[PDB]
Every structure is written in structure tokens, then in C-alpha cells.
S.K.: 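Have a look at this one before I ask anything.
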Amino acid sequence: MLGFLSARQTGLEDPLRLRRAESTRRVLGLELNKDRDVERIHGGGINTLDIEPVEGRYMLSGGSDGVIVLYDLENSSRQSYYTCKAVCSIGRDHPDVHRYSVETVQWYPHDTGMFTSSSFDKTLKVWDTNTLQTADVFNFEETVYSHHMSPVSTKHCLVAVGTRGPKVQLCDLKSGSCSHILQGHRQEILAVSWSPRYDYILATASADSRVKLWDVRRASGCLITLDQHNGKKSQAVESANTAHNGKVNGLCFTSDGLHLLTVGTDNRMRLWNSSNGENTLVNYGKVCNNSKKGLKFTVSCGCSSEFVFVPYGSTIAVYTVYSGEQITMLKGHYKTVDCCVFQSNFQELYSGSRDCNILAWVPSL
Amino acid sequence: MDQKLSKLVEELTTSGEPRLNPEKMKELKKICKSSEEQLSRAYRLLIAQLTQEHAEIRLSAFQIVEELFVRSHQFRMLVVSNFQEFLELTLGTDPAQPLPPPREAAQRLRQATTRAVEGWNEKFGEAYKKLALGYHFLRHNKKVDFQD
Amino acid sequence: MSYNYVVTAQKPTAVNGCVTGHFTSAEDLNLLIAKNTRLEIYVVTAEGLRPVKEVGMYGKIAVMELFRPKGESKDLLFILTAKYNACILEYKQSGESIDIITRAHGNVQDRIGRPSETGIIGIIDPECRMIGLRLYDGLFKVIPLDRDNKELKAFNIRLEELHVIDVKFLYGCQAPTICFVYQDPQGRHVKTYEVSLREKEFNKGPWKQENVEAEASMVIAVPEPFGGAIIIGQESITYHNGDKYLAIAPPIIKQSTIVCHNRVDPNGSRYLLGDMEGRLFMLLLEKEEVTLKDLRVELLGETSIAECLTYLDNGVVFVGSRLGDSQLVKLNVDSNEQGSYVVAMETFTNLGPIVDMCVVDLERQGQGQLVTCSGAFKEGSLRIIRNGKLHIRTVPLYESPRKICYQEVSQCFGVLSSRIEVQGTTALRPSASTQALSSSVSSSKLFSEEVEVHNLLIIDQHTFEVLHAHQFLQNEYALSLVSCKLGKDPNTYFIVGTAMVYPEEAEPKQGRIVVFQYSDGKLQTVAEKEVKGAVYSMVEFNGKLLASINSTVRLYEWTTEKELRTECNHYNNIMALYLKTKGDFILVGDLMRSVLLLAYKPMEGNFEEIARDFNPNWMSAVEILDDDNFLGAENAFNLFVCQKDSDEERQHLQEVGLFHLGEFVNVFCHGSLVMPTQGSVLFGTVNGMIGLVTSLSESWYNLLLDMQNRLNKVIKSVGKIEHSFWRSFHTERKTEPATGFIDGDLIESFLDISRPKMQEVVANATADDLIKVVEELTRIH
Amino acid sequence: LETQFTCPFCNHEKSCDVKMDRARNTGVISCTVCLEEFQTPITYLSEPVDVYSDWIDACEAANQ
Ligand SMILES: [Zn+2]
């Protein structure tokens, strides 16, 4: 590493080299945090986490008990040991608390003054973070499994919602229009994710073992349907062209948005060319998941090699996205891990699981 | 020097005694203090015993584990490395993996491991936050009655 | 909010790109040299180079290539900036007036994307149908040229290979054909595509992928008579044309990797190749009646460590260097009796990577003097800089200098240096450490291909001769150096922080702080202290030694027994790389937490974290301007000033100033090169620029700001790049406008405009008042 | 009396399965969807409705 510092000082290597190499080294040295703790307030398992995209300071967490906790991740104390204190809380005494489990919570991109939370109580609530009051509510005829706002859209502000209905809802936060729907799936839509690269590209994964990419501006259904075999087993499109041999319960675009990682209940993760949905045949081995709802997993950013952190039983499996090589198992949870969210500023990880714990993984040394 | 250690551990555990016979336990203490890899060899012996199907044998193995825990620090790091499996094998938390017979020895194992875990939370909890996680998980998620 | 004035004392001198062609006139042979922000246009005369223009781009020139579209009388220049400002420029001379008109311009920054490891690549189709940019992994941006744009509209073609090493356009292909080397887990392969502008997509290349050398790192597009390409790797040179597969493995190129090339002949019968060790080779293509017969490589000789090189004519080669002085060398037909055909005609000074620098009032005048550790392995040297224009001496060390400190009592400089030995070990050249008057080696009881040997050079501060050269332990890297007297004894010591570097580990676990005293022309080891990590930085702190072992900033006291005793530690750092001091306060520059205002409370005897900045800036240098202003340099070429704000929120340092310098600042230092503004902080950069930061007053800063906006409205940039965008604080995960910083170069450009333009600037006091103000601003450097 | 119950946590109908371990006098109710689990003592007169009852009661008590 002194070689890295010397090369940076002497201009031999771009500082990009040291930055991404050290980010990768930090991610590889991920371990149970020696001096850090997260305050425990959820009475039930944490189903979702979200660190705000700008300044990466505050973290939302939705629990199976319906409460939403807002934590400050910064060590505002002077000690090396600190607990991520809870700033705010939609608790059981809040007038607008979710009646059932909160399954997805997401900070509004471009601004930390608002966030959103969808629950199995058939509601997508939009909260003002300052007053901590519901600015809006969208009701659905069937329970919400996931939702996502575009991390890129300066123009549109649509929330793509996947419920147990076979339709992907698009709720306009600009003047409230939840009527827009996308047809083409056949069972519950367990995951939805906007492309970080393209403004109007949305990937939706449903229990019909299919993943569809939509240009929501378009009037002609999905753009691409992901196919495991790319055409080896080709059939007229009524039941073929499946992404997995089970329910596809998780989506994640890579950092650049040029590839898509789909995890399904066939104990398989697959990497897809996001421009034509071709399977890249990256192996990843066996990725154990049996979740009946959406599975939240994230990818690394700002590193020499991209990593993907997938909940794997009661562990976090870290894989290399483009080679599939298994990095490691982060092993500190006592029950199945529901979500993991990656802090890209310091290569940190926060994992929420059914054991009512949010565990922080920090690079060692 | 592994033969005598496997032996001594075997007579300690297979005997099924209510209480640890003192002088051979002292021999175990000395010869476990001798080397660190051989202390961890004793740890593997304990782990292999703890999976085996008899409540008295699991009780003997757990009491040896408690002796080394209160007596050794690298043992504390090594056991907190897999405290999850340690709790699965001691407390019988998972319904799919309950404790073998007899019922009396299993009950004594439950009481002894609850109280030992209480003592470990009081004495080494701050140095091992994973022990704190395990204690908290037992006290709320599994609702283990520590007052029993 | 803070008020800062940044001005370039010395313009950047390191050449990061050089291209030749007919830019100024159809008959002129121009040499365009890209120093970091400066584009220098020379005309290649029969002797030397005649400078015809020097323009200052609002951008770091990452790409610079000349191309002649069909029907164009003379070459157009394509420049891409590090912030992805693309511009096509034309040279228009109207008598005395010279103008670089922006024929086209645009910004090609993708909103998201992983910037490629091997860096920005820019190529132009040999028939000038398009510009191909590799800016991000997995993408290949294309700017069509047949569609004559004035906005440089571009489109991305998805490239299935995500780790592309190098790419070129092939010659003699009916369609734009790219040949590129890429890395996949199976190895490195060279593949070809044919780009289609109509279908906006790749098509199957003329010849299929071929598995190339593991370190195949360079692609050279051979001209039409041969066609195909040449791939240069670490160990072999191969030539592919689709069915011709020539290969050589010259043993003479094995010792160092080839990093640059240039085509000597228009038909590519000869190429120049520079290595990192400075060796210059000629690669010859032997033709047979045309196809290619056989490849030969012959060592022409040795030059400066060449970032780039360009054959001008008549055996003259411009060797543009980033690590040393640029050269204009002659390729003789016959050897010089030492096996070398290269002869240096001219040397252009280059303050290389300014890793460290000290301001000294040598000769006991009132004038400062910068002594800078410039350059690198073979081009390492000391540069002494004064105001006389700036006069620059050079003291070649022939080894990389790393740190420098002045010991006034001993009348010498302590310079940390590093040389490469190949084998026990053998020096590759006679370096300044080996040419000392006297020498010594450390015999320490604490610890018991090519390697770096680190030395402490005691250099006489009159003659700049190496009075002494103390070699350190085997596999020991000296990182920090400070000249100070500790405790209460009167002796002044050279205190050196070191680290034990072995290949088996990523972070040093061992190191020591060695206290030397230089007296009677000898360097006696006064004291040692085994520490448990690399001592990245040390500073004298109120008579004590404040050191930074890997993540711990700790304080040592100098006892009556002349030994170092720990007094206090602070551990809340990732790695404390940079340490500064003013009073009881310490400023800890961290690798990625970016600052920490620490305070040593003497009434108790420990540190206290007064404040911190929680933004994740990766640091290169740090300094303390005032009691409550803290300057810091981020590795993304930005300056930022943090301020102690005015509860726990008081522990948050507020970034009150932001600025994009465009340079990698390596060192700050209080001082000035001269005999209205408060303070003076000189800084040294990687591309050789020396700059100067001063604090301004509020009203004056506001007035200056106003002038900056007016000049931006008046002065026209070369690439039509907005100055605010150029100076906007930029990082891969952040982008903000410049605040709290005045661009001194832009203000000082107020002199170089005609009076009507001044009146345009000063539409809403008189112009003469502002001329006086800018003159006074120029006085400080 | 139905044996499959709506989960109080995820509101998924008939997603809760009840296991009566009579040998240990314990009833375990688990939701298949959200994987929430609850354990209560049971008697020989107990039924899955009683286990789901104890679960609802424990939820309401813990949520006070
Ligand atoms: Zn449920």
C-alpha cells in the first residue's frame, strides 16, 4: 500500500487507482464491527433498510411490527465506540403508523426531506421527514410486496409498486395518479427496480418466474423478457422465456446500470445484459433463498471490482458480479437475513434480519 | 500429545458423573494451558461431544466448555466464533434439533447453560458484543426464563 | 464563510501528451504539447522549437489528437478534458492576431458510469469519420464527424468486454474498425469490431479474437501498406493482420515495460518505443514484396522517463516526460561509442512530481526560497526556486526524493530518498545516495525482482553536495522526516519515521522512529523507538513529537534519557496520513475521513476531538490557514476549506470553501517567494505547478467575485468551457459550484485584455482602480 | 375451526401453520410468508385456534 501512496504522490498511478483499490481492499476486509453498535427499537424483524443517497448519513428501517425507525449513522461522539442512535420513529403511537409490516422504505432521491414506505397494509405512504407526518397515501387493492423510486429521474417522480396483483402500479408523486399500470405478468410482482442509467427503464420480477423490462413511456408493454437460455429452448411466448425456475424475488441493477442481477427461488442468481436481457452465464453457484416475499440485496459502488451482497440464510454472501467468485460469508445474524444496504462512502454494510437486529459490518483496519 | 488428551476428555465425559472429578480436571487444566493449538483441540473434542446423542455427555462437555470459558480468553474468542451453533446445541433453541435424553440431565443442562450465559453476559459481554447479541436473542426472541 | 485567493506561481510543467501535425498552417509542422492545463503550440523549425502559441484550457487535457477531415486545409485539434469537455479547435491567424476558434464543443460526461481503470482513451478514425472515446467500462462513446456537429452529439455503443486495456482504429478498412485488447478471467485477448454509424452498433470484425500475452498492454495501428495492428506486452511484441501472425520476444525489452510509442515514418516502417526506465527502442517493420516479413527491436539509447514521445523530423524526437525534464533528442545514424544513438539537443525544465518542498530563507535575505523534491526514479532531483521571472536550479539526485527538511543550525537539508536495486543487491546506476562524501548503514537490534533502498541524505545547503547518505535497514521505507529539537535539550535532530515493507502484507505492521544528530560531518543514531506500524507523518508539537502510526495519532515526549516516551494516543482514524499544527491544535488529514481538528489539552494530558468533517474526501495534503480555517486537498484535484462552526453539532466541521484546482496537491507550506492579503500558503503538485493560497477580506472578496463573473461574461475560453463549471468542485459522487475561492489566474488575466474589454468588465469604480487592485494582487507572487 | 390463519404481521390469509408438540406441551405457530414465529404452552385440550389466540394476545400485550 505504501507502493500505492508512492505511485499517487509521484503521479505514476491516477488517484482513481488508489481510491478503487483501497475500496476493494476495504470491502474484502469486511468483518463484524469491533467498536460500532446500532440502537435496537424494532420489536420485529427488519424487512428493509435504506441509507439516503445524498450525504449517506441517515438510515431508514422498516420492521415487521409496522414501525419505521430513522437512525443517524455518524459518530457524533468523540469515542471510537458508538451506537447509531435513532433520530426519529414512526412508532406504534404515531397516528399514521403502518398497521402491518413495512416491506420497503426508500429515501426520496435528490433530497432527504421526504421518504416513502410501503406495507402489507396495502398502502404506500409518502412522509415528510421534517414534520414526520404523512404527506400522501396511495391505497392498493392488494398487498404491496415492493416499491421503488427512480434514483435518476429529474423529470418524472413515479413510484413503481409491485403488489400481489399481476399489475405493476406507477404512482405519480406529481399530481397523484396511481391509475397507470403495466400488463404482462401473471402472478405477484415480488420485486421492482428502476434502472440507474436510463430514466424510464423499470425491471419487474414476479412469481411467474419472469423478469420484464419496461419503458414506462411506451404504450406497447415490456421491452425485454429475460430468458435463461437466450433461445436454446425457444417457444412461442406464452409460458417460455422464464428468468428463473422459481419465483424471481429480487432485482438489483449494477452500479453502472449496464447489467441486472436477478435472484430467484430456484436457488440461483443470474446476471443479465440490461440492454437486450441476454444471460451472461455468470455462475454464482447456489444462492440459497426461499423467501416468499421480495428479497432486498445491493451491489457495491466505487470499487475496482463490483461486489454483490446477497442475503444467504442467516448470512451475507459477497460475490464478484462479473466473475461470480464467492468472496465470503458475513456470519453474525441469528435468523434469516431480510435486507442488506451498502454505504458506499466508507464501504460499510448494514444488514437487517428476523432477529430484530441491524448489524453493521465495517472494514477491518 | 493428542492421545492422552483425547483419553482424559473421554473418561471425563463418558463417565456421566454428576460433578467433575477434580484431579483429572486439574490435569486437563494444566495440559490445556500447555499449548494453544491443543486448547483448541480440546475445543474440537468438546464440539464433537456436544453433537452426540446423550444429555449427560452434553452436560459434561458444556461444563468443560464453561471451565475453559471462565478460565481462558482465546477460548472465549474461539467459542464466540460459533456461538450460534453453541446455542443451538446447548439451549435447544431450534425445534428441529432438541436435546437428547435423559430428561433430568437435559433440564440440568438448560439451567446450567442459562446461568452460565448470564454470568458470561455480566463478565465478558462488553468485550464480545456477539455474546451480547446471543444473550439478547435468548432473552427476547426465544423468551428464555432466566428467573427459573 | 471563508475568503481565499488561489494563483499559479509556476505553471504546470509535466507533459501528459504531445502530438505533431499541421495545425497552424498546411506547410508548418506543429508540435502541440499538453502540459496539464496548458496547450503549447510550437512550430518545428530546422533547429529547436519556435513557440507560436500557449493557451490555457479550462480543463485537464486528457486527450489531444489532430485530425484532418475531408476538404479541410489544415488539421483540426480534438481535445477532451478530464471533466469530459470535448472540443474541436482550429487555428486561425489574422496577421499579428492568433485565434484558436472552437469549431465544435460539447460535454460527453455520462451521468453514471464506472470510469475505466486504464483511463480515458481517445482515438480518431484514420479517415476521420468519427471519434471513439473509452471513458467508462462496458461503453464505447462515438462522436460522428461526417455529420458536422457544432454540439458534438455522441452515442454510446455497448461493449460486451468490460475491462478494455487499449483500443485503436485500424488502417485500410472500408468501415471504421476498432482493434482492442481486453482482460477477461480467461486472459487477455485482442478483438476487432466494425462500428456502424447508421446502425449505431458494432459488427463482426475483420479478424476474430486472438489470445494475447498476459501483460499485453499496448495496441499500435499499422498504416495501410501492412494494415493490422501490433500488440506490445511486457515480454513479447506480436503483429496481427487476420492471417499474418508475427511474433518476437526480444530479451532487451523484458527488463521494463513499454509505456509509449510513436510512428516515425508515414508508412509505419519504423516506430519509437519508450520504457519506464527511460530506454528508447526502435521497432522496425521489414516489408516483403506489400506484406510484413519480420519484426526487429533495437535499443536506440536512453532518454528521460517518457510519458509520451513524438518524432518531428530529421532524427529529432521530442520526449515528453511527466517524471523528469522533457527532452529534444537527436537519433544519430551511428552509435556514440557507448551503444547509444540518442543525443540530447535540448532540455525543457520540468518540476516533476513535487512530493515535498520546504521554504528556506537561504542567504539570510528577506526572500523565501523553495527547495522541492521533484521528479522520480532516474529523474529525481532537488529544485531551488527564487524570484529573480522564476529562476530554477537543479540538483540531480538520480534517485527518487520523498521528503525534505531544512536544519538551519547544521546548514544542511535532510532529504529522504529511494533508489531501486535489482538483485545481495546491486544498484542500477550511481545515485546520489551512493555518491555521498561519507556513508553509513543502520545497525538496528529491533528487527531480526527489485527492491527499494531508502536513504537519509544530508545535503550541504551552499553547494548542494551530498555531505552524507545514511542507508536504512533492508526492506525499510522511510516515510516521514522532521528537523526539530525535542524536550528541553538544545540539540537539533533529524527524526525519521519508517515502516517495514514486506510483500506478504498490505499494510506495514512494523516500523521505527529513528532520531539522528548531524554533527562533525557525521550522522550519529541518537535514538530509536520500535513502533507497531508505518509512521506516515511526524511533526514537532510544542517540543514533543506528534507521530501517526497506521491509524493512531500519538504523542512522544523526549525524556532526559534521550528516548521517546508515549504520552497520549488517539485512535479514531482510518489512517492518519497528514499531520499539521498550530498551537495546541492538530489537524489530522485522514485517508478517507478527510480532516480531524484535534486538540491536545495539556492540563490533563490527552487529545480531544474538537471537530471533524464527515464528508468522505480522499486526501492528498492538508494545511492550517488561520486559527479556524483548515485547507485540505482531495485526491480528485479539489481544494476545500473547513471552518470550526461558530451541542454535538459543534463537532461538525463545515466546508466553507470549495474549488477544483485541477492539480493533485502533494504538499502545502507556509511561505512566500516575495519580500492586502493575509497569510501565504504555497503548494506543490504532481504536474509541477506551484500555487499560492491567501486569505482575503470580505468586501474585497465580494468585489473580486464580481470581477470574476464579469470576466467570465467577457473572456472567451478556448473550448467554450464555462469557468464556473471548470472550477466546480467535482468528485465521482458529488458536484458543487466553487465557493470561497477566487481564481487568481482569471483575475490576473484582466491585464491581458484591451481597454474596451476592460470597460465592458467595469460597466458598473473606474477601470484604473481595478488595474491597481489586480497589480497589487500580482505583487504577492 | 380453521387450522390456517391470517398472520397478524403480514395479513396474508391462511399463511400461518400451527404445530402441536404435545410431548413437550408447546404449540408453535409460524407464518410461511413473513417467517414470524411464536411459541406458547399448550394443554391436551388446546387447539390451533388457542395457539393463534395466544399469539394475538402476545402481540397486543407486547405492543402496549
Ligand atoms: Zn406473516
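Lettering of chains follows the sequences in order, A, B, ..., and the numbering in each one begins at 1. Side chains included, hydrogens not; waters and symmetry mates left out as well; all remaining heavy atoms used.
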S.K.: State, to 0.1 Å, how close B:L87 and A:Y334 come at their nearest heavy-atom pair, and which atoms those are.
M.R.: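 Smallest interatomic distance, heavy atoms only, reads CD1-CE2, 4.2 Å.
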
S.K.: Check whether more than 12 heavy atoms from other residues, nucleotides or ligands sit under 6.0 Å from atom NZ of A:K331, and answer yes or no.
M.R.: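 12 or below, so no.
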
S.K.: With a sphere of 6.0 Å drawn around CD of B:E104, does it hold more than 12 non-hydrogen atoms of other residues, nucleotides or ligands?
M.R.: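 No, because the 6.0 Å sphere around CD of B:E104 holds 12 heavy atoms or fewer from other groups.
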
S.K.: Where do A:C356 and B:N141 come nearest, in terms of heavy atoms and distance?
M.R.: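 Residues A:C356 and B:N141, closest heavy atoms: SG-ND2, 3.9 Å.
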
S.K.: Counting only non-hydrogen atoms closer than 4.5 Å, does B:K129 touch chain A with its backbone (N, CA, C, O), its side chain (CB onward), both, or neither?
M.R.: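 For B:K129, the contact with chain A is made by the side chain alone.
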
S.K.: Are there more than 12 heavy atoms of other residues, nucleotides or ligands under 6.0 Å from atom CZ of B:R41?
M.R.: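 Yes, CZ of B:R41 has more than 12 neighbouring heavy atoms, counting only those of other groups under 6.0 Å.
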
S.K.: If you count the non-hydrogen atoms of other residues, nucleotides and ligands that lie under 6.0 Å from CD in A:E39, is the total more than 12?
M.R.: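 More than 12 heavy atoms, drawn from other residues, nucleotides or ligands, come within 6.0 Å of this atom.
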
S.K.: Is B:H136 in contact with chain A via its backbone, its side chain, both, or neither, using a 4.5 Å heavy-atom distance?
M.R.: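 Just its side chain gets close to chain A.
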
S.K.: Heavy-atom cut-off 4.5 Å, strictly under: side chain, backbone, both or neither for A:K335 against chain B?
M.R.: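 Just the side chain, heavy atoms under 4.5 Å.
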
S.K.: Atom CG of residue position B:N82 - does it have more than 12 heavy atoms of other residues, nucleotides or ligands inside 6.0 Å?
M.R.: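 Atom CG in B:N82 is crowded, with more than 12 foreign heavy atoms closer than 6.0 Å.
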
S.K.: What's the separation between atom CZ in A:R40 and atom CG in B:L133, rounded to the nearest 0.5 Å?
M.R.: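 These two atoms lie 6.0 Å from each other.
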
S.K.: Could you give the distance from CG (A:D355) to CD (B:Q84), rounded to the nearest 0.5 Å?
M.R.: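 These two atoms lie 9.0 Å from each other.
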
